[PDB]
Amino acid sequence: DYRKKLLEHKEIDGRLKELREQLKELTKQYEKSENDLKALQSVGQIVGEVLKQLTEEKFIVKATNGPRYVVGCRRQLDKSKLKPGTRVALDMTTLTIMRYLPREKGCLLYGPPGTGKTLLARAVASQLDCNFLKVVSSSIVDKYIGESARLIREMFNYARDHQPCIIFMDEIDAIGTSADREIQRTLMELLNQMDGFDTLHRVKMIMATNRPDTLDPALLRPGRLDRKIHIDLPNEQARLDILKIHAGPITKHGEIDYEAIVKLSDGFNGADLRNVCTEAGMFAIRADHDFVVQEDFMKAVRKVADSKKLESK
Amino acid sequence: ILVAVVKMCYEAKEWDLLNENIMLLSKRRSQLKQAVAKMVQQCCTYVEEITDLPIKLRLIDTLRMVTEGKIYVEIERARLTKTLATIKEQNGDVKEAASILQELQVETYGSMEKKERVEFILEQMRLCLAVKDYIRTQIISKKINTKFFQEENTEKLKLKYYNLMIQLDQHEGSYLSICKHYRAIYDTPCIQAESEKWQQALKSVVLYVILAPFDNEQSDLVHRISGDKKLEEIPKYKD
């Protein structure tokens, strides 16, 4: 009688305290709506550019529309950003200044036997890349007279202005008569913009190929590609490691042997082995089952891996 | 029976005989570490006491192979020269100091070594007690404290080597050497027992603040030690 009223009142108090969470969560967004409505009150700002400064307090601005004006100095800002050469912003009323407006070393990994080192660059880039800047070898067609020097200086200039820069060159065998003159031009521009006062600590590039006879003996010279590593054995220990730490979320049959799948899928990379196991998952999802007999797994390994070996031209 | 003359002559005279006919440089660098590791392993099992005559020719040959190689993980190359340097410590010949300390710079640049760099970096200040060259000390705590504060280096005895690092600069310098040394030993009592820290840590906790420059560091450096309960327990608190 008396002992049950505590549990019952605890239930009424429970269902009474479990209804506040359905409102106190959305009240923060509702108040954020009026916060934004109070944040949209700063309107009417324009831009400008500074070329010549006569007085330290008052300088000349250049608007984007074409007409030029002159503004003053606001009591809040200082003379740090007031120096010329920095794009600033202006206001429609009194032409005050609220704030400014900011404008906007080598490793070779080639394997004489087999192909797929571009997929090794996909393995390293899929492991830890953190810098997205890709350059394709099909942009140096040079069907014009030939002026890729400013393309190299402008590309690496955008690599200086853009801190994230990790490149992965690939398919260089088809671009490697005057067929070599452009290679000596672009490569000598690479030396001219890599051996001087260049930011080598920020730029990074990886060159890939497909054949051991077209290795570009100019690229084989030191300098351009200092760190050279052959691919004769595709890192069976690192392949097994990639399979172990990349075979987590994929569910397969209970009886699974990693050494057999590693040995039956070699030559290219361990991330390609991950593509073979995720391909076996792409067939197990077609067979609407989580775990299946390894016969279909051996069909993905033999048929898909050997299809990579045959169609890997 | 073992003469070891023909043994050292076979490999000493035949290094790249198979690598001169093959025009395709394979640059394996995969079984070379296992081959050199097997050579230093067998020589490690036959390095204690076998025969004193061939060991000087084998060592004088492999230390030249260190320079002739120029491409390695820089682990065995340091292994042979430090296991030779340990023999040169009790051998009484300190002339090899320029060799070990000159080649150490080559054996520490060009690769990424975290644990081996600290275990092998003690040779910089090991024979320095016998050398006592001021310019060498100026070149090498400079080359020692390049980029390392706390991380990527674990042992246990870290504080002991920390005391073994700048105390020699205290022997070379007079007072400024401990201004930046005695100010970083506040974490030492936290790692080990605080019983023995009263004699060394809580004693050297006042030397750097007394010998601190009188311009600016005296104003703010006195507040880092104030507030500690163990400070008032020292009879020197009144001083």
# chains A, B, ... in the order shown; residues from 1 in each chain; ligands from 1

call {"tool": "interface_residues", "arguments": {"of": "chain A", "to": "chain B", "cutoff": "12 Å", "atoms": "only C-alpha atoms", "output": "NGL selection string"}}
result
:A and (109-113 or 212-213 or 215 or 220 or 226-236)

call {"tool": "write_last_selection", "arguments": {"atoms": "C-alpha atoms", "output": "tab-separated table (two decimals), in the first residue's frame"}}
result
chain	number	residue	atom	x	y	z
A	109	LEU	CA	57.11	3.94	-57.33
A	110	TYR	CA	57.37	1.83	-60.49
A	111	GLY	CA	57.32	-1.93	-60.97
A	112	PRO	CA	58.85	-3.54	-64.06
A	113	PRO	CA	56.59	-6.61	-63.81
A	212	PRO	CA	59.68	-1.02	-67.91
A	213	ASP	CA	61.00	-0.03	-71.36
A	215	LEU	CA	60.72	4.51	-68.06
A	220	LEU	CA	65.36	7.94	-64.26
A	226	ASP	CA	65.13	10.72	-55.95
A	227	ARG	CA	63.21	8.12	-53.93
A	228	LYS	CA	62.90	5.10	-56.24
A	229	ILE	CA	61.30	1.87	-55.02
A	230	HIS	CA	60.78	-1.18	-57.24
A	231	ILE	CA	57.63	-3.30	-57.18
A	232	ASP	CA	58.70	-6.92	-57.73
A	233	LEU	CA	56.97	-8.40	-54.67
A	234	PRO	CA	53.75	-6.49	-53.89
A	235	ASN	CA	54.43	-6.33	-50.14
A	236	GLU	CA	52.84	-9.62	-49.13

call {"tool": "residues_around", "arguments": {"residues": "residue 120 in chain B", "least_positions_apart": "3", "cutoff": "9 Å", "atoms": "only C-alpha atoms", "output": "MDAnalysis selection string"}}
result
chainID B and resid 78:79 82 104 115:117 123:124

call {"tool": "write_last_selection", "arguments": {"atoms": "N, CA, C and O atoms", "output": "PDB file, in the first residue's frame"}}
result
ATOM      1  N   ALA B  78      74.842   1.688 -37.944  1.00  0.00           N
ATOM      2  CA  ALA B  78      75.087   2.209 -36.606  1.00  0.00           C
ATOM      3  C   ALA B  78      75.398   1.095 -35.615  1.00  0.00           C
ATOM      4  O   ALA B  78      76.133   1.318 -34.647  1.00  0.00           O
ATOM      5  N   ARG B  79      74.856  -0.103 -35.849  1.00  0.00           N
ATOM      6  CA  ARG B  79      75.094  -1.224 -34.944  1.00  0.00           C
ATOM      7  C   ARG B  79      76.568  -1.604 -34.913  1.00  0.00           C
ATOM      8  O   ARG B  79      77.154  -1.777 -33.837  1.00  0.00           O
ATOM      9  N   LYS B  82      78.722   1.261 -33.296  1.00  0.00           N
ATOM     10  CA  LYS B  82      78.561   1.426 -31.856  1.00  0.00           C
ATOM     11  C   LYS B  82      79.033   0.205 -31.079  1.00  0.00           C
ATOM     12  O   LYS B  82      79.541   0.355 -29.961  1.00  0.00           O
ATOM     13  N   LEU B 104      78.049   9.669 -37.400  1.00  0.00           N
ATOM     14  CA  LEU B 104      76.738   9.637 -36.759  1.00  0.00           C
ATOM     15  C   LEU B 104      75.772  10.606 -37.430  1.00  0.00           C
ATOM     16  O   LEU B 104      74.577  10.310 -37.559  1.00  0.00           O
ATOM     17  N   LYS B 115      62.741   5.482 -32.109  1.00  0.00           N
ATOM     18  CA  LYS B 115      63.287   4.803 -30.938  1.00  0.00           C
ATOM     19  C   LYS B 115      64.798   4.634 -31.039  1.00  0.00           C
ATOM     20  O   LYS B 115      65.512   4.814 -30.046  1.00  0.00           O
ATOM     21  N   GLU B 116      65.303   4.290 -32.226  1.00  0.00           N
ATOM     22  CA  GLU B 116      66.735   4.083 -32.401  1.00  0.00           C
ATOM     23  C   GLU B 116      67.525   5.381 -32.303  1.00  0.00           C
ATOM     24  O   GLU B 116      68.713   5.346 -31.963  1.00  0.00           O
ATOM     25  N   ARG B 117      66.894   6.525 -32.582  1.00  0.00           N
ATOM     26  CA  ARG B 117      67.612   7.795 -32.538  1.00  0.00           C
ATOM     27  C   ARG B 117      68.008   8.162 -31.112  1.00  0.00           C
ATOM     28  O   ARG B 117      69.084   8.728 -30.889  1.00  0.00           O
ATOM     29  N   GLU B 123      75.727   8.282 -27.824  1.00  0.00           N
ATOM     30  CA  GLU B 123      77.134   8.269 -28.203  1.00  0.00           C
ATOM     31  C   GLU B 123      77.664   9.670 -28.480  1.00  0.00           C
ATOM     32  O   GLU B 123      78.878   9.890 -28.394  1.00  0.00           O
ATOM     33  N   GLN B 124      76.783  10.619 -28.808  1.00  0.00           N
ATOM     34  CA  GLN B 124      77.209  11.998 -29.024  1.00  0.00           C
ATOM     35  C   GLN B 124      77.854  12.575 -27.769  1.00  0.00           C
ATOM     36  O   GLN B 124      78.885  13.255 -27.841  1.00  0.00           O
TER      37      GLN B 124
END

call {"tool": "select_by_dssp", "arguments": {"residues": "range 2-237 of chain B", "states": "alpha helix (DSSP H)", "output": "NGL selection string"}}
result
:B and (5-13 or 17-21 or 32-45 or 52-69 or 76-91 or 97-108 or 115-121 or 128-131 or 134-139 or 158-172 or 188-191 or 201-204 or 207-210 or 217-225 or 229-232)

call {"tool": "residues_around", "arguments": {"residues": "range 189-202 of chain A", "least_positions_apart": "3", "cutoff": "12 Å", "atoms": "only C-alpha atoms", "output": "ChimeraX atom specification"}}
result
/A:105-106,131,147-157,159-167,182-186,205,218-219,221-225

call {"tool": "write_last_selection", "arguments": {"atoms": "N, CA, C and O atoms", "output": "compact mmCIF listing (two decimals), in the first residue's frame"}}
result
# COMPACT_ATOMS: atom_id res chain seq x y z
N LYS A 105 59.70 15.55 -51.43
CA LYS A 105 59.71 16.44 -52.58
C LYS A 105 59.56 15.65 -53.88
O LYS A 105 59.22 16.21 -54.92
N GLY A 106 59.82 14.35 -53.81
CA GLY A 106 59.72 13.49 -54.98
C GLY A 106 59.96 12.03 -54.67
O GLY A 106 60.88 11.69 -53.92
N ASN A 131 45.30 16.02 -48.71
CA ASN A 131 45.61 17.16 -49.58
C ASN A 131 45.16 16.81 -50.99
O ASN A 131 45.75 15.94 -51.63
N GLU A 147 54.05 26.22 -75.11
CA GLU A 147 54.33 27.24 -74.12
C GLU A 147 54.02 26.76 -72.71
O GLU A 147 53.59 27.54 -71.85
N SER A 148 54.23 25.47 -72.44
CA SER A 148 53.90 24.88 -71.14
C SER A 148 54.77 25.41 -70.00
O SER A 148 54.53 25.03 -68.85
N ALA A 149 55.75 26.28 -70.28
CA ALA A 149 56.56 26.85 -69.21
C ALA A 149 55.70 27.67 -68.25
O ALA A 149 55.77 27.49 -67.03
N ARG A 150 54.88 28.57 -68.79
CA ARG A 150 53.98 29.35 -67.95
C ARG A 150 52.88 28.48 -67.33
O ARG A 150 52.31 28.87 -66.31
N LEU A 151 52.59 27.32 -67.93
CA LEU A 151 51.66 26.39 -67.31
C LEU A 151 52.29 25.74 -66.08
O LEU A 151 51.60 25.48 -65.09
N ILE A 152 53.59 25.46 -66.13
CA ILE A 152 54.28 24.89 -64.98
C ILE A 152 54.46 25.94 -63.89
O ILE A 152 54.20 25.68 -62.71
N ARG A 153 54.89 27.15 -64.27
CA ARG A 153 55.08 28.21 -63.28
C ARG A 153 53.75 28.63 -62.66
O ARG A 153 53.70 28.99 -61.48
N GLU A 154 52.67 28.61 -63.45
CA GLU A 154 51.36 28.95 -62.91
C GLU A 154 50.78 27.81 -62.07
O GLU A 154 50.10 28.07 -61.07
N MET A 155 51.05 26.56 -62.45
CA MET A 155 50.56 25.43 -61.68
C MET A 155 51.25 25.36 -60.32
O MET A 155 50.58 25.27 -59.28
N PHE A 156 52.58 25.40 -60.31
CA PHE A 156 53.30 25.42 -59.04
C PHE A 156 53.12 26.74 -58.30
O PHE A 156 53.32 26.78 -57.08
N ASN A 157 52.76 27.81 -59.00
CA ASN A 157 52.40 29.05 -58.31
C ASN A 157 51.08 28.88 -57.56
O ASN A 157 50.93 29.37 -56.43
N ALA A 159 50.30 26.03 -56.49
CA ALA A 159 50.73 25.13 -55.43
C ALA A 159 51.39 25.88 -54.28
O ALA A 159 51.40 25.37 -53.15
N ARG A 160 51.95 27.06 -54.54
CA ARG A 160 52.44 27.91 -53.46
C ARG A 160 51.30 28.66 -52.78
O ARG A 160 51.26 28.77 -51.55
N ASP A 161 50.36 29.18 -53.57
CA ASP A 161 49.20 29.86 -53.01
C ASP A 161 48.23 28.90 -52.34
O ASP A 161 47.46 29.32 -51.47
N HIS A 162 48.25 27.63 -52.72
CA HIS A 162 47.36 26.61 -52.17
C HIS A 162 48.21 25.61 -51.38
O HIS A 162 48.95 24.82 -51.96
N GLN A 163 48.09 25.66 -50.05
CA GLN A 163 48.88 24.77 -49.21
C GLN A 163 48.63 23.29 -49.48
O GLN A 163 49.61 22.53 -49.57
N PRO A 164 47.38 22.80 -49.62
CA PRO A 164 47.19 21.38 -49.94
C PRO A 164 47.61 21.05 -51.37
O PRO A 164 46.93 21.43 -52.32
N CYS A 165 48.73 20.33 -51.52
CA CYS A 165 49.22 19.98 -52.85
C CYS A 165 49.98 18.66 -52.75
O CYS A 165 51.15 18.64 -52.36
N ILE A 166 49.30 17.57 -53.09
CA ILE A 166 49.92 16.25 -53.23
C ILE A 166 49.43 15.67 -54.55
O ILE A 166 48.24 15.33 -54.68
N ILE A 167 50.33 15.55 -55.51
CA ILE A 167 49.98 15.14 -56.87
C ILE A 167 50.31 13.66 -57.05
O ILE A 167 51.21 13.12 -56.39
N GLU A 182 59.55 18.20 -76.03
CA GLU A 182 58.60 18.69 -75.04
C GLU A 182 58.85 18.06 -73.68
O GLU A 182 58.60 18.71 -72.65
N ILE A 183 59.33 16.82 -73.64
CA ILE A 183 59.65 16.18 -72.37
C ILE A 183 60.85 16.87 -71.72
O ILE A 183 60.86 17.10 -70.50
N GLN A 184 61.86 17.24 -72.51
CA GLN A 184 62.99 17.98 -71.97
C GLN A 184 62.59 19.39 -71.58
O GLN A 184 63.16 19.96 -70.65
N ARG A 185 61.60 19.97 -72.27
CA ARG A 185 61.13 21.30 -71.92
C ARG A 185 60.41 21.29 -70.57
O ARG A 185 60.77 22.02 -69.65
N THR A 186 59.38 20.44 -70.45
CA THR A 186 58.62 20.39 -69.20
C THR A 186 59.47 19.89 -68.05
O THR A 186 59.30 20.33 -66.91
N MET A 205 54.72 14.94 -55.02
CA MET A 205 54.24 14.35 -56.26
C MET A 205 54.69 12.90 -56.36
O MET A 205 55.76 12.53 -55.86
N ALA A 218 65.28 10.17 -68.80
CA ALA A 218 65.40 11.50 -68.23
C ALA A 218 64.80 11.55 -66.83
O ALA A 218 65.38 12.16 -65.92
N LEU A 219 63.65 10.91 -66.63
CA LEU A 219 63.07 10.81 -65.30
C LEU A 219 63.86 9.85 -64.42
O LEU A 219 63.85 9.98 -63.19
N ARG A 221 66.98 9.77 -64.18
CA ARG A 221 68.07 10.53 -63.60
C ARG A 221 67.67 11.03 -62.21
O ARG A 221 66.50 11.35 -61.98
N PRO A 222 68.62 11.10 -61.26
CA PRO A 222 68.29 11.68 -59.94
C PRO A 222 67.87 13.13 -60.03
O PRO A 222 67.91 13.74 -61.11
N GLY A 223 67.47 13.72 -58.90
CA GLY A 223 66.86 15.03 -58.95
C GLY A 223 65.35 14.95 -58.94
O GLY A 223 64.74 14.94 -57.87
N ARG A 224 64.75 14.94 -60.13
CA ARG A 224 63.30 14.83 -60.29
C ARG A 224 62.69 13.78 -59.36
O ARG A 224 61.83 14.08 -58.53
N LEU A 225 63.13 12.53 -59.50
CA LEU A 225 62.62 11.41 -58.72
C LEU A 225 63.79 10.78 -57.98
O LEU A 225 64.47 9.88 -58.50

call {"tool": "closest_residue", "arguments": {"among": "B:201, B:191, B:128, B:101", "to": "residue 168 in chain B", "atoms": "only C-alpha atoms"}}
result
B:128

call {"tool": "closest_residue", "arguments": {"among": "B:151, B:40, B:56, B:169", "to": "residue 139 in chain B", "atoms": "only C-alpha atoms"}}
result
B:169

call {"tool": "residues_around", "arguments": {"residues": "residue 125 in chain A", "least_positions_apart": "4", "cutoff": "12 Å", "atoms": "only C-alpha atoms", "output": "VMD selection string"}}
result
chain A and resid 118 to 121 129 to 134 166 to 168 205 to 206 271

call {"tool": "write_last_selection", "arguments": {"atoms": "N, CA and C atoms", "output": "tab-separated table (two decimals), in the first residue's frame"}}
result
chain	number	residue	atom	x	y	z
A	118	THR	N	49.27	2.96	-60.28
A	118	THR	CA	48.31	4.03	-60.06
A	118	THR	C	47.32	3.65	-58.97
A	119	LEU	N	46.95	2.37	-58.91
A	119	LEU	CA	46.13	1.87	-57.82
A	119	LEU	C	46.90	1.80	-56.51
A	120	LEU	N	48.24	1.76	-56.57
A	120	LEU	CA	49.04	1.92	-55.36
A	120	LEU	C	48.99	3.36	-54.88
A	121	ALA	N	49.00	4.32	-55.81
A	121	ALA	CA	48.76	5.71	-55.44
A	121	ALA	C	47.34	5.89	-54.90
A	129	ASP	N	46.05	10.94	-47.25
A	129	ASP	CA	46.37	11.92	-48.27
A	129	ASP	C	46.19	13.35	-47.77
A	130	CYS	N	45.00	13.69	-47.27
A	130	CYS	CA	44.67	14.94	-46.59
A	130	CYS	C	44.96	16.19	-47.43
A	131	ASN	N	45.30	16.02	-48.71
A	131	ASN	CA	45.61	17.16	-49.58
A	131	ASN	C	45.16	16.81	-50.99
A	132	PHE	N	44.12	17.49	-51.47
A	132	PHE	CA	43.50	17.16	-52.76
A	132	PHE	C	44.02	18.12	-53.82
A	133	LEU	N	44.93	17.63	-54.66
A	133	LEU	CA	45.41	18.40	-55.81
A	133	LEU	C	45.90	17.38	-56.84
A	134	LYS	N	45.08	17.11	-57.85
A	134	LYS	CA	45.37	16.09	-58.85
A	134	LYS	C	45.68	16.75	-60.19
A	166	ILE	N	49.30	17.57	-53.09
A	166	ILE	CA	49.92	16.25	-53.23
A	166	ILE	C	49.43	15.67	-54.55
A	167	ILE	N	50.33	15.55	-55.51
A	167	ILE	CA	49.98	15.14	-56.87
A	167	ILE	C	50.31	13.66	-57.05
A	168	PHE	N	49.57	13.00	-57.94
A	168	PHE	CA	49.79	11.59	-58.27
A	168	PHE	C	49.78	11.46	-59.79
A	205	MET	N	54.72	14.94	-55.02
A	205	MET	CA	54.24	14.35	-56.26
A	205	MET	C	54.69	12.90	-56.36
A	206	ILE	N	53.86	12.09	-57.00
A	206	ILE	CA	54.14	10.67	-57.23
A	206	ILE	C	53.89	10.38	-58.70
A	271	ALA	N	45.36	-3.21	-51.99
A	271	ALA	CA	44.09	-2.52	-52.11
A	271	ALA	C	43.26	-3.10	-53.24

call {"tool": "residues_around", "arguments": {"residues": "range 219-228 of chain B", "least_positions_apart": "4", "cutoff": "12 Å", "atoms": "only C-alpha atoms", "output": "list in words"}}
result
residues 179, 180, 182, 183, 184, 185, 186, 202, 204, 205, 206, 207, 208, 209, 210, 211, 212, 213, 214, 215, 232, 233, 234 and 237 of chain B

call {"tool": "closest_residue", "arguments": {"among": "A:214, A:138, A:42, A:65", "to": "residue 180 in chain A", "atoms": "only C-alpha atoms"}}
result
A:214

call {"tool": "closest_residue", "arguments": {"among": "A:281, A:48, A:85, A:176", "to": "residue 71 in chain A", "atoms": "only C-alpha atoms"}}
result
A:48

call {"tool": "atom_distance", "arguments": {"atom1": "CA of residue 93 in chain B", "atom2": "CA of residue 166 in chain B"}}
result
25.6 Å

call {"tool": "closest_residue", "arguments": {"among": "A:34, A:56, A:288, A:306", "to": "residue 83 in chain A", "atoms": "only C-alpha atoms"}}
result
A:56

call {"tool": "decode", "arguments": {"residues": "range 183-206 of chain B", "atoms": "C-alpha atoms", "output": "CSV table (one decimal), in the first residue's frame"}}
result
chain,number,residue,atom,x,y,z
B,183,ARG,CA,62.9,24.6,-15.5
B,184,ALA,CA,61.7,21.5,-17.3
B,185,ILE,CA,62.4,19.0,-14.5
B,186,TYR,CA,59.0,19.7,-12.8
B,187,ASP,CA,57.5,16.5,-14.4
B,188,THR,CA,60.3,14.3,-13.1
B,189,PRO,CA,58.8,13.8,-9.5
B,190,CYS,CA,55.6,12.8,-11.2
B,191,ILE,CA,57.2,9.9,-13.1
B,192,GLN,CA,59.2,8.3,-10.3
B,193,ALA,CA,59.1,8.3,-6.5
B,194,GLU,CA,59.1,11.7,-4.8
B,195,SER,CA,61.3,10.5,-1.9
B,196,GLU,CA,64.6,11.1,-3.7
B,197,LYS,CA,63.4,14.3,-5.5
B,198,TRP,CA,63.9,16.4,-2.4
B,199,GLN,CA,67.7,16.1,-2.8
B,200,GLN,CA,67.9,16.9,-6.6
B,201,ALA,CA,64.6,18.2,-8.0
B,202,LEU,CA,63.6,20.4,-5.1
B,203,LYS,CA,67.2,21.6,-4.8
B,204,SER,CA,67.7,22.5,-8.4
B,205,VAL,CA,64.2,24.0,-8.6
B,206,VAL,CA,65.7,27.3,-7.2
